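**Q** Pasting in a structure now, in structure tokens, and then I'll have a few things to ask.
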Amino acid sequence: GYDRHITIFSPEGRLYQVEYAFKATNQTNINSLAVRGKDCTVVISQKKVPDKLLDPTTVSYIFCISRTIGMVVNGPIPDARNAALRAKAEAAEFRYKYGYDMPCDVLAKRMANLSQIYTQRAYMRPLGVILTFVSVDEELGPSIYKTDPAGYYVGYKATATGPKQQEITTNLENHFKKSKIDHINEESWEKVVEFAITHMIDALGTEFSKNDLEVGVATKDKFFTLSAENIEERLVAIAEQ
Amino acid sequence: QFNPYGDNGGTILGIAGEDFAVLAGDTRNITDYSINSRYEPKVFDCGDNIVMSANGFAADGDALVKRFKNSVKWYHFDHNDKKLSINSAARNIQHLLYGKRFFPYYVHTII
Amino acid sequence: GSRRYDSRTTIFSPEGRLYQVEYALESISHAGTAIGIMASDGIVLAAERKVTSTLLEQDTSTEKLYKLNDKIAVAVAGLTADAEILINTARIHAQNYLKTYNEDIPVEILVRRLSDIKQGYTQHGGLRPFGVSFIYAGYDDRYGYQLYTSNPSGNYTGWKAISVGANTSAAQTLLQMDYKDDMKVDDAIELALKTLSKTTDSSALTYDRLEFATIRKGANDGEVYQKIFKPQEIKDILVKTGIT
Amino acid sequence: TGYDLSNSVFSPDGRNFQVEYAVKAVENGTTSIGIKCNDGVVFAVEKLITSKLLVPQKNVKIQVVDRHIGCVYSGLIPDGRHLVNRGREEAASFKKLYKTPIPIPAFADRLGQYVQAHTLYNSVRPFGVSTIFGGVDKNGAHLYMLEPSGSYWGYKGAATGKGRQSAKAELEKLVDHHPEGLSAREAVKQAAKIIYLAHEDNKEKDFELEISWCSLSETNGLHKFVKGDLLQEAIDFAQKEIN
Amino acid sequence: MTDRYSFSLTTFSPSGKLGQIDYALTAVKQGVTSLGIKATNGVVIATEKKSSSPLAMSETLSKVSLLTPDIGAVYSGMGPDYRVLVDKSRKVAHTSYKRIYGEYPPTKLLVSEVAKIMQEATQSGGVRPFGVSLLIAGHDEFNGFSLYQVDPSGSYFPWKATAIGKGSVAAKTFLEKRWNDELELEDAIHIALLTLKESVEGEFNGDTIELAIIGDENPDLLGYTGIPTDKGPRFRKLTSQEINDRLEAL
Amino acid sequence: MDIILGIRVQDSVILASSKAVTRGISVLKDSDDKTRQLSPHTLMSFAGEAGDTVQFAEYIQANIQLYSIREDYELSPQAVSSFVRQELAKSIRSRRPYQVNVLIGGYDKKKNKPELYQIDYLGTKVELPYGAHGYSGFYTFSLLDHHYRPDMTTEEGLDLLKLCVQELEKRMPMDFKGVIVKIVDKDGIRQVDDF
Amino acid sequence: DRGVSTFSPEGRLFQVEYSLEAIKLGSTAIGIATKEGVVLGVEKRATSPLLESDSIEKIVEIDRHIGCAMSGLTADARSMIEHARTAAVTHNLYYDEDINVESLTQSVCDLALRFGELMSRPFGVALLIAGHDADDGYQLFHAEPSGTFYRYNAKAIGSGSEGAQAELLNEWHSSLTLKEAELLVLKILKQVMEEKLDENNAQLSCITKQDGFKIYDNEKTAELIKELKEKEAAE
Amino acid sequence: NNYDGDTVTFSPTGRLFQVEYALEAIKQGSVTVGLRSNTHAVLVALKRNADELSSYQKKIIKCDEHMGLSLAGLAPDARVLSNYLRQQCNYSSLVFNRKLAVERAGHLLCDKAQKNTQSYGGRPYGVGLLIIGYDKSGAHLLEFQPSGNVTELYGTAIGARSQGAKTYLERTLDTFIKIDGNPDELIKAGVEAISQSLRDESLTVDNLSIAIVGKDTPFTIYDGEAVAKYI
Amino acid sequence: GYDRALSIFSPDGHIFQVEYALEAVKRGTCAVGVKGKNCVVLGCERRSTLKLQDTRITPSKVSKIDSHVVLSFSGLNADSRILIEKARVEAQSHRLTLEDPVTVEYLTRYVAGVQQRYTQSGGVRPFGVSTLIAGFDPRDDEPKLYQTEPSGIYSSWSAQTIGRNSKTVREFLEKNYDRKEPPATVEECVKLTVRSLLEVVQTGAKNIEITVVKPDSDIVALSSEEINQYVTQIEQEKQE
Ligand SMILES: [Cl-]
Ligand SMILES: [Mg+2]
């Protein structure tokens, strides 16, 4: 059964290497979440540092692709960094060739097309990662676009990824049924981050310290990650309410 | 425009006897009307009882001698330390020089 | 490395056969039958469309019969997509010959080159062969009217009347029975249709399941005309011979 | 099955068995460690003395990249050398274009991408080494450990090879007992001790100690080998602690 | 390193089957239903927007794509394979036609170029076939309106009307009863919505249905005025509102 | 090289080509045949740059002979001339072009007609009743405009050709050491030995 | 299947070892080196009586001072000879001298291992290279598809090799004349050959300093065959 | 078993079998010994013959005036690697006017052998080498293995029954290291060392092969009647 | 480029791909070559399961390489075209540089070299073809007949056959062909060639092709009636 080793069709029209790359996604056992505000797009992810000898500042699955675009990965770090470096190079080249900053959705498409090639060409394996791209696009506003090993991509009102993704997904679904809108009706990004963390706490059922989370925030003209103290300030605000 | 050749002057002289041979050359090196060195040798022992000199443009002369000395070394490696005869050395030098037929070594060579 | 997944398409069996060529011929034997018949004053090309649907646009369709130049046409049996690669190559080769010599290409030369391409895919490159058999129908001023066939092996031969695709065994027996050398085009038209009508896997042979073409000298004085039959023209020729 | 016969093939788990097999070759190799300190990093390695016929001090395993980075590895020694040769090319092109010497995090990714590239195709084999490396740059001291998969992180302390668990346990004690920081000269002495303690998992053949270090104060930010009086002082400290 | 797969991954089996093409067709069978209907004064192509999650914005994912101003495309099967084919199809319309003749290609020839790309994935080294079937609707001056199907093998056929994917067998039967040669465009849109309701299970509205037409020229969608010969694109994607209007009088 | 002439008459094509091969101030040879038989009923004469002429002529000859063997069939003079033109048309935009002018005289066995083609080094082909390359044309064209008739015999064509050679020997500056004459007709190619 | 350049568990290249089996199936070739010259002899082995035996070219000239005999898949030897001839002439062009027999052999043996995934497989033919130079005198070399070559005083290759080599072991001494060596090759060939030895199914050749490399006529070999039979009956 | 088809495949225990099978070719090869003092370095090689009619396979190769090796295993692979060493030694001379350090020579061989063990299509080298040399830091002896592993030693031996000579040198270490300014005595110690690896056969005149390099001695090889002194 | 070593050695020292190519030759229609005192004759079988053929345009079994040399074959027909083309090109190339047409030995040696190259080149299979090459050297009246095969070996033959049932016709030729006295005339040589094919063929109608080559580029193919006369004559003498 060599049709399960390379990316060719099985008798039932399936690509097993693609399906097994999807299973590699959860190898890190980390759950991510992304939501949109009025002026911003917030992405949060769990941070697990098991070894005491590790330098916790270097342990990260959120990446600054361009000034405006941010990316969180669900999957092994080697493949994550492979995708991150390529996205950075693509975003930089786009600006040079076409004279304006690469949109979040266009970069998502480009990375998805690259992922598609690995599903069709035999010598290249798929990357075992799911890439969630976030920005405040100058045309489309707050944006969340997500890519997987199949080469599939789509825009999102909000999204979640990881082992306990479905619990987070339905938690968010129920909120948008209630609110009757496509986003978090909130002025400051600080309270959108608070919303993101609060709803992850409810869905996963766990409490978080400052070192258990990792937060990325996209505003107009810049994407940035929060420090441990920026998150701690945010956790205090939730607790006092 | 850049001129890749120069003239380092000097002169050389070879004479053959019955059971010996001499290869002489002056030790002066020049450019235009200036002396560069009063003692810069240009007659070299290349091994296997072969002496060589490539007079004219010293850069090309040194390059050629260097390549021939190296040719002698590889002749030993490839042919079981056989002595390179003077006639065989001469033919080897022809191919070295003619290899640059369209961008020559500006030298008059004597062995 | 990648050796593990190599099918080795261009090798011999212990018996001295080319696996992939033999299997490609097995593929072609399920394709719609195509017949070529050569007369003294023209050539007939007839071909059966593969199980037609009622909602298929019949008039603006091309599956079996293709034009290579003004003097040469082919009938296809096998993978259509594969045939179209080879057809565009053949069309180019004909124009190269015309550009070079200022003369229309002789039929055999075009056939040989197209057959040589197929041969290459069986000897080198490690790729699968083209799953296609052609019937070539053409005219030149050297040999006049000519019929050829080529198959995935890259071997070609000349014919007076020939079939490719499905039921060739039955079709060739019927052609061998009723064919003769002093035959006219109109007689050959009738033979081609009668043969398909008996060898068809369908219940009854109709206009919508056929492609038809003739190469006559029926133009005005010493010149050749290609006629790719329209749907209504096939309907009329089917009634005229008394099949429907 | 057969999922483990070819590199770059995902198993039904989502694992690349060929990379995991390369890790076994690393686990088989000799012990090597890295210790991050106040203003730099310290590297140390176990050299098994196979025979009396080995010339002492003349089979050097720790390698320098550029003038400020040190690299040490456990597993297939040739594979490690190939990785350092690449590292040197990467560091040379960085300096050529950008003038400044390559930062340690930048350098870490250059190796990381190159090792990761050897898990993408079946025409290449994964690296049979875990590489501990680091140095001093504009932002201070950095220590890194890189694995056959291409996975790397920053470390306070790092260890790999046959005696990794013993060395990790000893490293974890240093992190707990010295929260404010460990000095460079101390880290050299501790490194010696940890190699000697980690030698208990490889005690048939006796060994030779080898230590190097980068420090902003002690070595002026450049990579140097520990030799002579400072080496013997570190050996004596380690000898006193085992007894 | 380097692509060592220079050999075919699609080969003939002893029975004469090309396995990877058959298996690609099986992947198309699993895919969501799409269809196309040809009228006298236009063509309609339609499909269901299967949403992966309710949090996902299905507007951002476009199953029906413009290829040229007068040609559109829809698919059934693997979406990523379709997306790259649309990219390649758009580019080939320029490189192999518009940059030569100064005008857009006719439907049949663009289809022929797409087919060629899909055939090469069936024979070239180190690649699998595309796991999609395309339906390409278009118009050009000399051929009028036309509708084509393109399969993983690279074979293509012209259709009066057809369907592909999940419930294609039932959908084709439905179209045979309703189709005639005198259908106006609005009648064909009506039939398309009826046919598609059979295969769709959940919600059936303008937000879950994607539908586009090849009809009259649209001067309002051109973007400029002043050139009389340039009259606008015949391809138009129907809005969510425009679909719901026709669902009331269904 | 220098003088090559051609005359197409009723039933044949006659090619006259100078015998002199000069380099510098020395006539190196006075019996040089500036022609190659491409096929039994097709002859090509040539003139131009030294070396290029023979190299080109023999290259064309090889290709036509290869075609003849492959198809077991002789190419028409029209077909051979078109092939030759295309080769020169390629050549002119090469790194180093063939500086060779040619006349192709042939008898078409299918049409039963003689044919004369004049092709220059640029790839400029023309079918003509009479042709010439180089300075020769400046005398022979006007002469033939006057004396040529389309229905002439081979013997009349040879006398017409003698009239051209006499004029060239009288008014040309260089000694071209006479000409080799060859006739192309239904029976093939033959050489006139006494001219 | 498996790689072309793969090692066996015993530490040998599979393809090289299998090519050695092909050489054992080949026709017998014998070489003997003396101080008066080197003799080369081969079994022609015509597959049918209709085949014109004089067209069987299994002894070959490389240069005037170097000859060559083959055994195994003899078609494979053509490119090896072509390379040898070019190497010999090229060296004479570059150095105005004859090329050493050892240096020639080494150049041929460099082709041997230039196979893998360069050509697709090793050569299926062994060569006996015989020659003379001023330095090391009369020499005989055995060149294999492994890339290895040994110098020999005498050597047999082909189907009757192990039997002939044991016979050469006893018969060879350092004072053999050329005439003695000619008869010895004929004697040993007749022992190992299937069909009866004559001038048409066996060929002799030699290389001497004075006359260079010479293939013997069928008339000359016939007299040596007749001289051999008389001498064996004489005691 | 299933993981020895090519060099690009690791076994489940982390082994490269094609490299180990290449290592096996060395064990089948004829014995060769290397040893050095502070002033000189010596190679001693037992040559092997096909039969009594054949010559004895030459084991020692010169690389430069100050460096050379002995081989054990596939001789053509030794020719490729020695040729590479000749070029690298020569590159160092022409470009930098610098004799190539014996340590760098080892590093270059290691890196050349390694590339063959990580790529598809190629194979490992099937030969082991003993490199001796005299450079700016005195006498040197290296042991090359086709896995890539190069090792600097006082003395060693490779080939069939090399363990006998290697044990002897391990005992004699203190004696032969201090044979300074005496070539013949250092060779004698090497000839006595290789004798510990002999079985049934003894050292004859056309069987033994010795090479030496040192302070005022270029790399020179001794064969034939020149080695009769040491039997 | 496709690199795979398809032709490789096996444990017993055989190259199976080359040996399987010989089986393709054994499947092919019979071809025979007989050389006389002043001529060579090439006879070829044509299988009679194919009726409704057009013999005007169907590729002939004997191919002219130059005006003085001919090539017949047994095995894969498509493969043979490639060898014939290459040979024809080399024939014109030899005329161009050496100013002399090829010898029969040289042409054979070239064709044989091409066949050999395909047995140790990556990505290719051997030619499933054996050839009989016959003719006369320039300015020479001595007849030449050579044979090649997929492995690349070639040799000269007084008379030889290849293809299906070739071992039967070789048996016939081995007793009927005298080395001391070959067929003195053209008639004698053609008759012996036809006789040898009649052991194998079936009927002597449109199943046998005969091509006669004589010195100085004198090559002619016999028609049906001309061949049928030999068939009629042989059968009447047989009934005895
Ligand atoms: Cl893209
Ligand atoms: Mg002109």
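Ligands are numbered from 1 in the order shown, chains are lettered A, B, ... in the order of the structure tokens, and residues start at 1 in each chain.
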Could you please extract the residues within 7 Å of ligand 2, counting only C-alpha atoms and all ligand atoms, and hand them back as an mmCIF file with N, CA, C and O atoms, in the first residue's frame?

**A**
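Wrote pocket_4.cif, looks like this:
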data_model
loop_
_atom_site.group_PDB
_atom_site.id
_atom_site.type_symbol
_atom_site.label_atom_id
_atom_site.label_comp_id
_atom_site.auth_asym_id
_atom_site.auth_seq_id
_atom_site.Cartn_x
_atom_site.Cartn_y
_atom_site.Cartn_z
ATOM 1 N N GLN F 118 17.258 31.518 -58.156
ATOM 2 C CA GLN F 118 18.369 32.353 -57.698
ATOM 3 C C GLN F 118 18.147 32.751 -56.245
ATOM 4 O O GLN F 118 17.171 33.435 -55.931
ATOM 5 N N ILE F 119 19.072 32.338 -55.378
ATOM 6 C CA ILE F 119 18.997 32.615 -53.939
ATOM 7 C C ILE F 119 20.293 33.281 -53.485
ATOM 8 O O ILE F 119 21.375 32.731 -53.709
ATOM 9 N N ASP F 120 20.187 34.445 -52.845
ATOM 10 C CA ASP F 120 21.370 35.115 -52.268
ATOM 11 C C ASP F 120 21.588 34.705 -50.813
ATOM 12 O O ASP F 120 20.760 34.015 -50.225
ATOM 13 N N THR F 124 17.115 35.277 -50.193
ATOM 14 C CA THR F 124 16.214 35.954 -51.126
ATOM 15 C C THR F 124 16.059 35.076 -52.359
ATOM 16 O O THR F 124 16.942 35.056 -53.219
ATOM 17 N N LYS F 125 14.941 34.355 -52.439
ATOM 18 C CA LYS F 125 14.691 33.409 -53.535
ATOM 19 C C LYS F 125 13.829 34.028 -54.624
ATOM 20 O O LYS F 125 12.861 34.732 -54.334
ATOM 21 N N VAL F 126 14.192 33.750 -55.874
ATOM 22 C CA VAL F 126 13.391 34.113 -57.044
ATOM 23 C C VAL F 126 13.538 33.035 -58.132
ATOM 24 O O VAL F 126 14.644 32.568 -58.395
#

**Q** Within 9 Å of residue H:198, counting only C-alpha atoms, which residues qualify if same-chain residues fewer than 4 places away don't, as an MDAnalysis selection string?

**A** chainID H and resid 31 161 164 194 202:203

**Q** Take the selection from the previous step and output its residues with C-alpha atoms, as a CSV table (one decimal), in the first residue's frame.

**A**
chain,number,residue,atom,x,y,z
H,31,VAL,CA,46.6,-5.6,7.4
H,161,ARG,CA,43.7,-9.4,12.3
H,164,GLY,CA,47.2,-8.2,17.3
H,194,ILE,CA,52.6,-6.0,12.0
H,202,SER,CA,55.7,-14.5,7.1
H,203,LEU,CA,57.2,-11.3,5.8

**Q** Check which residues of chain D sit at most 8 Å from chain H using only C-alpha atoms, and return one row each with the closest pair of atoms and their distance in Å to one decimal, ordered by chain and rising number, as CSV.

**A**
residue,atom,partner,partner_atom,distance
D:5,CA,H:3,CA,6.8
D:6,CA,H:9,CA,7.0
D:7,CA,H:9,CA,7.5
D:18,CA,H:10,CA,6.5
D:21,CA,H:14,CA,5.1
D:22,CA,H:14,CA,5.5
D:23,CA,H:14,CA,7.2
D:24,CA,H:14,CA,4.8
D:25,CA,H:14,CA,4.4
D:51,CA,H:170,CA,7.7
D:52,CA,H:170,CA,6.3
D:53,CA,H:154,CA,5.3
D:54,CA,H:153,CA,4.6
D:55,CA,H:153,CA,5.2
D:58,CA,H:152,CA,6.7
D:59,CA,H:152,CA,6.3
D:77,CA,H:149,CA,6.9
D:78,CA,H:148,CA,5.4
D:79,CA,H:114,CA,6.9
D:81,CA,H:111,CA,7.2
D:82,CA,H:111,CA,6.6
D:123,CA,H:120,CA,4.9
D:124,CA,H:119,CA,5.0
D:125,CA,H:8,CA,4.8
D:126,CA,H:118,CA,7.8

**Q** Measuring atom to atom with only C-alpha atoms and all ligand atoms, identify which of E:138, E:161, E:205, E:87 is nearest to ligand 1.

**A**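 Counting only C-alpha atoms and all ligand atoms, the residue closest to ligand 1 is E:87.
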
**Q** Find the residues near stretch 54-68 of chain B: any atom within 9 Å, counting only C-alpha atoms, skip ones fewer than 3 places away on the same chain, and give them as a VMD selection string.

**A** (chain B and resid 5 to 12 25 29 42 to 44 46 71 to 73 89 92 to 93 96 to 97 104 to 111) or (chain H and resid 94)

**Q** May I have the residues within 8 Å of stretch 98-108 of chain F as an MDAnalysis selection string, using only C-alpha atoms and disregarding those fewer than 3 positions away in the same chain?

**A** chainID F and resid 4:6 8 12:15 41:49 52:53 56 76:77 81 88 91:92 111:121 131:133 184:186 188

**Q** Please produce a file of the residues just selected, as a compact mmCIF listing (two decimals), in the first residue's frame, where the atoms kept are N, CA and C atoms.

**A**
# COMPACT_ATOMS: atom_id res chain seq x y z
N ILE F 4 28.97 32.96 -61.54
CA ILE F 4 28.02 31.85 -61.72
C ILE F 4 26.77 32.34 -62.47
N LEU F 5 26.45 31.66 -63.57
CA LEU F 5 25.33 32.02 -64.44
C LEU F 5 24.37 30.85 -64.54
N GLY F 6 23.14 31.17 -64.95
CA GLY F 6 22.10 30.17 -65.16
C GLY F 6 21.14 30.62 -66.24
N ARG F 8 17.50 29.06 -68.04
CA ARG F 8 16.42 28.09 -68.23
C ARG F 8 15.85 28.24 -69.63
N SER F 12 15.47 22.34 -70.66
CA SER F 12 16.63 22.17 -69.77
C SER F 12 17.06 23.45 -69.05
N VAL F 13 17.91 23.27 -68.05
CA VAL F 13 18.54 24.36 -67.32
C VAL F 13 20.04 24.21 -67.50
N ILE F 14 20.70 25.31 -67.87
CA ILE F 14 22.15 25.32 -68.12
C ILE F 14 22.83 26.22 -67.10
N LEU F 15 23.78 25.65 -66.34
CA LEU F 15 24.58 26.40 -65.36
C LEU F 15 26.04 26.52 -65.78
N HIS F 41 18.32 14.98 -60.56
CA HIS F 41 17.76 16.03 -61.43
C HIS F 41 17.80 17.44 -60.80
N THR F 42 18.74 17.67 -59.88
CA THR F 42 18.91 18.97 -59.23
C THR F 42 20.38 19.28 -59.00
N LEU F 43 20.81 20.43 -59.54
CA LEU F 43 22.20 20.89 -59.44
C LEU F 43 22.24 22.28 -58.79
N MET F 44 23.20 22.49 -57.89
CA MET F 44 23.38 23.79 -57.25
C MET F 44 24.79 24.32 -57.49
N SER F 45 24.88 25.51 -58.09
CA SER F 45 26.15 26.25 -58.21
C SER F 45 26.24 27.26 -57.08
N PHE F 46 27.46 27.66 -56.73
CA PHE F 46 27.68 28.52 -55.56
C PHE F 46 28.88 29.45 -55.69
N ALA F 47 28.80 30.58 -54.99
CA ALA F 47 29.87 31.59 -54.98
C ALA F 47 29.76 32.48 -53.74
N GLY F 48 30.91 32.93 -53.24
CA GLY F 48 30.97 33.81 -52.07
C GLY F 48 32.26 33.68 -51.28
N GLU F 49 32.14 33.82 -49.95
CA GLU F 49 33.27 33.77 -49.02
C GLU F 49 33.99 32.41 -49.08
N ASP F 52 33.26 28.91 -46.60
CA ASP F 52 31.78 28.93 -46.47
C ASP F 52 31.05 28.28 -47.64
N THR F 53 31.51 28.55 -48.86
CA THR F 53 30.85 28.07 -50.08
C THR F 53 30.74 26.56 -50.14
N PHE F 56 28.91 24.92 -47.06
CA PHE F 56 27.46 25.06 -47.22
C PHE F 56 26.90 24.13 -48.28
N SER F 76 11.29 17.68 -55.35
CA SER F 76 11.15 18.57 -56.50
C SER F 76 12.14 19.73 -56.38
N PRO F 77 12.56 20.32 -57.53
CA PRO F 77 13.43 21.50 -57.48
C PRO F 77 12.87 22.65 -56.64
N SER F 81 14.77 24.11 -53.30
CA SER F 81 15.07 25.55 -53.25
C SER F 81 14.50 26.22 -52.00
N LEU F 88 19.49 29.47 -45.44
CA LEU F 88 20.15 30.78 -45.57
C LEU F 88 19.43 31.86 -44.75
N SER F 91 20.60 31.32 -41.32
CA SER F 91 22.02 31.69 -41.31
C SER F 91 22.26 33.19 -41.12
N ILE F 92 21.48 34.02 -41.81
CA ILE F 92 21.73 35.47 -41.82
C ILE F 92 21.61 36.14 -40.44
N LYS F 111 6.18 17.66 -63.41
CA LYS F 111 5.70 18.72 -64.31
C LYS F 111 6.30 18.65 -65.72
N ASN F 112 7.39 17.90 -65.89
CA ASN F 112 8.18 17.88 -67.13
C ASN F 112 8.57 19.30 -67.56
N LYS F 113 9.15 20.04 -66.62
CA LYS F 113 9.56 21.43 -66.84
C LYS F 113 10.90 21.73 -66.17
N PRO F 114 11.79 22.46 -66.86
CA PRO F 114 13.01 22.95 -66.21
C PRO F 114 12.73 24.14 -65.29
N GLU F 115 13.51 24.28 -64.23
CA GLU F 115 13.33 25.36 -63.25
C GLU F 115 14.68 25.89 -62.77
N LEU F 116 14.79 27.22 -62.71
CA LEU F 116 16.00 27.89 -62.24
C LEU F 116 15.65 28.83 -61.09
N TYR F 117 16.29 28.63 -59.95
CA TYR F 117 16.09 29.47 -58.76
C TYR F 117 17.38 30.21 -58.40
N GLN F 118 17.26 31.52 -58.16
CA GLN F 118 18.37 32.35 -57.70
C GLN F 118 18.15 32.75 -56.25
N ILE F 119 19.07 32.34 -55.38
CA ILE F 119 19.00 32.62 -53.94
C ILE F 119 20.29 33.28 -53.49
N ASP F 120 20.19 34.45 -52.84
CA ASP F 120 21.37 35.12 -52.27
C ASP F 120 21.59 34.71 -50.81
N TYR F 121 22.70 35.14 -50.24
CA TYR F 121 23.09 34.77 -48.87
C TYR F 121 22.12 35.22 -47.77
N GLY F 131 19.53 33.80 -64.69
CA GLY F 131 20.05 34.36 -63.45
C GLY F 131 21.56 34.41 -63.39
N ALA F 132 22.06 35.24 -62.47
CA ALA F 132 23.49 35.43 -62.25
C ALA F 132 23.75 36.04 -60.87
N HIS F 133 24.90 35.72 -60.29
CA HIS F 133 25.32 36.30 -59.01
C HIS F 133 26.61 37.09 -59.18
N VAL F 184 21.04 20.38 -67.13
CA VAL F 184 20.08 19.63 -66.31
C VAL F 184 18.79 19.49 -67.11
N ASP F 185 18.39 18.25 -67.39
CA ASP F 185 17.18 17.96 -68.18
C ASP F 185 16.47 16.69 -67.69
N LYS F 186 15.51 16.19 -68.47
CA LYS F 186 14.79 14.94 -68.15
C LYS F 186 15.69 13.71 -67.91
N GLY F 188 18.74 13.81 -66.62
CA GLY F 188 19.62 14.07 -65.48
C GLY F 188 20.64 15.16 -65.76

**Q** Report as a ChimeraX atom specification all protein, DNA and RNA residues lying within 10 Å of stretch 85-88 of chain A, evaluated on only C-alpha atoms, omitting residues in the same chain fewer than 2 positions from it.

**A** /A:63-66,69,71,80-83,90-94,107-108,110-111,114 /D:109,113

**Q** Among stretch 63-103 of chain F, which residues does DSSP mark as strand (DSSP E or B) when it is run on the backbone? Keep the chain and numbering as in the structure and answer as a PyMOL selection string.

**A** chain F and resi 100-103

**Q** Give me, as a PyMOL selection string, the contact residues of chain C against chain A at a cut-off of 9 Å, counting only C-alpha atoms.

**A** chain C and resi 2+4-5

**Q** Go ahead and save the residues from that selection, with C-alpha atoms, as an mmCIF file, in the first residue's frame.

**A**
data_model
loop_
_atom_site.group_PDB
_atom_site.id
_atom_site.type_symbol
_atom_site.label_atom_id
_atom_site.label_comp_id
_atom_site.auth_asym_id
_atom_site.auth_seq_id
_atom_site.Cartn_x
_atom_site.Cartn_y
_atom_site.Cartn_z
ATOM 1 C CA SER C 2 12.008 7.317 -4.895
ATOM 2 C CA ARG C 4 10.383 2.320 -4.198
ATOM 3 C CA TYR C 5 7.438 3.919 -6.089
#

**Q** Pick out the closest residue to chain I from this set: G:48, G:210, G:218, G:8. Count only C-alpha atoms.

**A**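 Closest candidate: G:48.
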
**Q** What's around residue C:230 at 10 Å? Count only C-alpha atoms, leave out sequence neighbours fewer than 5 positions away in its own chain, and write the answer as a PyMOL selection string.

**A** chain C and resi 58-60+207+211-213+235-236

**Q** Using only C-alpha atoms for the distances, tell me which of H:184, H:6, H:52, H:77 is nearest to chain C.

**A**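 Among the listed residues, H:6 lies closest to chain C.
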
**Q** Could the residues of chain C within 8 Å of chain E, counting only C-alpha atoms, be given as a ChimeraX atom specification, please?

**A** /C:2,5-9,20,23-28,54-58,60-61,79-82,85,125-128

**Q** Fewer than 5 positions away in the same chain doesn't count, so skip those; otherwise give me all residues within 6 Å of residue I:73, counting only C-alpha atoms, as a PyMOL selection string.

**A** chain I and resi 130-132

**Q** For the contact check between chain I and chain F, emit one row per residue of chain I within 9 Å, containing the shortest atom pair and the distance in Å rounded to one decimal, counting only C-alpha atoms, chain then rising number order, as a Markdown table.

**A**
| residue | atom | partner | partner_atom | distance |
| --- | --- | --- | --- | --- |
| I:63 | CA | F:70 | CA | 9.0 |
| I:64 | CA | F:69 | CA | 6.9 |
| I:65 | CA | F:69 | CA | 7.0 |
| I:66 | CA | F:69 | CA | 6.5 |
| I:67 | CA | F:69 | CA | 7.7 |
| I:85 | CA | F:70 | CA | 7.7 |
| I:88 | CA | F:66 | CA | 7.0 |
| I:89 | CA | F:66 | CA | 6.8 |
| I:91 | CA | F:66 | CA | 8.7 |
| I:92 | CA | F:62 | CA | 5.9 |
| I:93 | CA | F:62 | CA | 7.5 |
| I:95 | CA | F:62 | CA | 8.2 |
| I:96 | CA | F:62 | CA | 7.0 |
